[PDB]
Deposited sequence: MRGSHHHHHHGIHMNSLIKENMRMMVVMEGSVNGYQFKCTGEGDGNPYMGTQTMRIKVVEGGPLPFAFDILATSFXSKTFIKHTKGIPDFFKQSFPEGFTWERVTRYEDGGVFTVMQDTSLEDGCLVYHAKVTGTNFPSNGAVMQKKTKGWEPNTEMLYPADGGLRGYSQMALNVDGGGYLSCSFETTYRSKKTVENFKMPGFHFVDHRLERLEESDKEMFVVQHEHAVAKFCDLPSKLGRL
C-alpha cells in the first residue's frame, strides 16, 4: 500500500564474505508477492564454490519487504521506500558456530536490491555444517518490538541434521529505516511467523532455490487482560 511496492516485485542480491576463513561470493535473483508474504529466490555461488560448509547457514541472509501484515500492524519495511532500510544480525549456533551480517536494502528502477556482508567463524570441522549433513530449517516465530530508534527482532531456529535430530541457533536483529521516524508509523510488539524452505539445489549447492512465507501477527491466544 506503499505505491512503490507493487503486488509483484523482483529482487536481486549480492552476498560477499567468509565462513571459517573460506571466502565466497553469491548472487541471486527472485520475485514474490509482498502483500501475500511469499517470495522465491534463485541463488548462485559465483566465487569459492563448491562451498565446504552447509549453505543452510546462509539462508536467512538472502528479504523483509515480503511479509504479509495482519491485524493492526504497520509495515516497517514497506513504509521505508523509497529510502529503504538496513538490517544487522548476529546468529549464535549451539555447537559454537557464529554468523554476523550487515545488509542493505534499496529500490532501484523498480527492483529491490540487496547487499549482504557476512562473516562466519568457529563452525566445528566435525559438525553438520562443515560435513554438509544439514537438511533444512524448521519454521519459526520471530518476536519484535521497537528499540534503539529501530525495530528489534529475536529469533530461535532449528536446523534438521542427518540422522534425525536438530542443531539450534538464536539471533538478534536490528532493523533500521532510512526514512525519518516522523514520516512512518512504527509498529509495537508483535510476531512474524516464518517458513524458510529450500525447493531445489544443484552442483553441490552451487545453485539453490529458496522460498519464504512470512506473516506479521499478534499472538492468537485470548487474554484475561484485554491485551493484544
query	finding
Where the deposited sequence has no C-alpha coordinates (positions from 1, in order)	1-13, 76
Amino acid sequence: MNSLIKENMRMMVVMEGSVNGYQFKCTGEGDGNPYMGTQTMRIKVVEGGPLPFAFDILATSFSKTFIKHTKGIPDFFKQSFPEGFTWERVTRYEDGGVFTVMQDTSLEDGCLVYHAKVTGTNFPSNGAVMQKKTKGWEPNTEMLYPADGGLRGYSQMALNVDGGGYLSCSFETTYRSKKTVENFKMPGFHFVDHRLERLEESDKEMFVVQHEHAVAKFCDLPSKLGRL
From here on, numbers count along this sequence of modelled residues.
| property | result |
| --- | --- |
| Of 32-40 and 45-53, the one with larger mean CA B-factor | 45-53 |
| Residue stretch of maximal mean CA temperature factor, 144-152 vs 109-117 | 144-152 |
| Residue of maximum C-alpha B factor among 59, 67, 161, 199, per deposited coordinates | 161 |
| Residue with maximal Cα B-factor (values as given in the PDB entry) among 10, 204, 213, 217 | 204 |
| Cα B factor band for residue 192 (lowest, middle or highest third within the chain) | lowest |
| Chain thirds of CA B-factor: placement of residue 4 | middle |
| Within-chain third of residue 93 by Cα B-factor, per the entry | highest |
| Entry-reported Cα temperature factor of residue 63, expressed as the chain third it lands in | lowest |
| Where the record places residue 132 (Cα B-factor, split into thirds across the chain) | middle |
